[PDB]
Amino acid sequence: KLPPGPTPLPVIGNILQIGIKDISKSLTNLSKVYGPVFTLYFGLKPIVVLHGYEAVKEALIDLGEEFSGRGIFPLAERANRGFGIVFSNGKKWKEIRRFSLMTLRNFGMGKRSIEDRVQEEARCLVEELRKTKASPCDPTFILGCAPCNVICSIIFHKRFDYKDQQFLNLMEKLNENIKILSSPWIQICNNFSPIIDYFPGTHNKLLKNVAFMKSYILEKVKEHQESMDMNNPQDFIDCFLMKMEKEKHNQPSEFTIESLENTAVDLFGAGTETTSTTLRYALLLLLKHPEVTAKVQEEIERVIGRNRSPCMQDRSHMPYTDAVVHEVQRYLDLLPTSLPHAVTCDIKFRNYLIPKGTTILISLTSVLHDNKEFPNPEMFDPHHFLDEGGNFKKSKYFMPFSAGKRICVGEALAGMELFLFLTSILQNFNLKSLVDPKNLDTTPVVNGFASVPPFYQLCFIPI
């Protein structure tokens, strides 16, 4: 049958007993009772939860194809959210994902590499930092721009100026949708009502914000159709139009202008907020543990010097910095339950049978915070990624990107962003707090699965 769970009440399921304030903890509490595989009910739709490395691994990896579905919630439909990569399934997903991974290969869109676009953004980020002239500063915004401009460059070949109103407009919409999408009312509560949309104004705001962004993308597309050069694809859209020309005589086809739009919005969405937030917390953690900072800096000075930019080759000569970046992601656990999965067919799992179409919830927390792979997993300590001689120590428990067939598409892109932005900031600046290090809180604030950092200010002191 289904794995066992705590008894649900007719209709509301186990709903009125979950800590919507911190679902992760709730899951972890239950696991304390029902073990690593347990069942829950969300107003009648069963959801199997997987907790702990073993169960996540043999699910996502060993039965990878079977667990490769994306769980669908009303919201997916309420915000027209299932038409690109993140919220797709079947043929559509496989085709668009696979093509998207090929095109975001470092050298997948022409002679200009992804690393080179990031490298440029690292320089612009540092310039903007300088322009603050060491005065206090809330970097929430700037750190939001950098990644966004990276997605822009990957998709439009254009980067913007931190003050180009056009950019500032896009950011705003992005930021609005993100903040909205992050409300518990929208993520959870509204997904109890499968038929009735209880927040129509909101979904309407979301959709309008989407339309503005799709409409802007469609302008770029036109500009790209007129300037096409079949031997010199320069960005994601180029590649996507070329794949379209190849699918001519393969209709109906997954690749259309509609899907390009939807895929591009997914990319803007997914490639801007999580990185941005990871960087924003990273700076905060570095203010709090300034001996970590000084160690990153000793590595940078010695391996990279100050003449040139950091580049990805340096990361292998910088085991301590790399440990720092890993540990930031492990410690933050920014997507504690990944995104929802669904089984792709009827399956046997351990003692139990899971019927095709059942939502699966992966507790990334339980892997990231394994208190044996990572002693005192709730403390920030880069030593969790270092061996006895201060060499880099990999961990099969390092899944901030999830695992298996759905592993984040931006995994390599996030990794370049973090390493190059962080090392470029710390190459050109020291960090200074207002309040005393040993004072401010670095523990993630969390909501509707939402993980945000407190407000804080700091100064960027030129080196």
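In this text, residue numbers run from 1 along the sequence as written.
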Stretch with higher mean Cα temperature factor, 120-128 vs 193-201, is 193-201
Decide which of the stretches 282-290 and 249-257 has the higher mean C-alpha B-factor, going by the entry. 249-257
Sort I188, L335, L181, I114 by C-alpha B-factor from the entry and give me just the highest. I188
Maximum C-alpha temperature factor, selected from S363, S276, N351, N89: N351
By the record's CA B-factor, is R406 among the lowest, middle or highest third of residues in the chain? lowest
Taking the values exactly as deposited, rank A412 by C-alpha B-factor within its chain and report the matching third: lowest, middle or highest. lowest
Entry-reported Cα temperature factor of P136, expressed as the chain third it lands in: highest
Compare the C-alpha B factor of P437 with those of the other modelled residues in its chain, then answer lowest, middle or highest third. highest
For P340, the third of its chain into which the C-alpha B factor falls: lowest
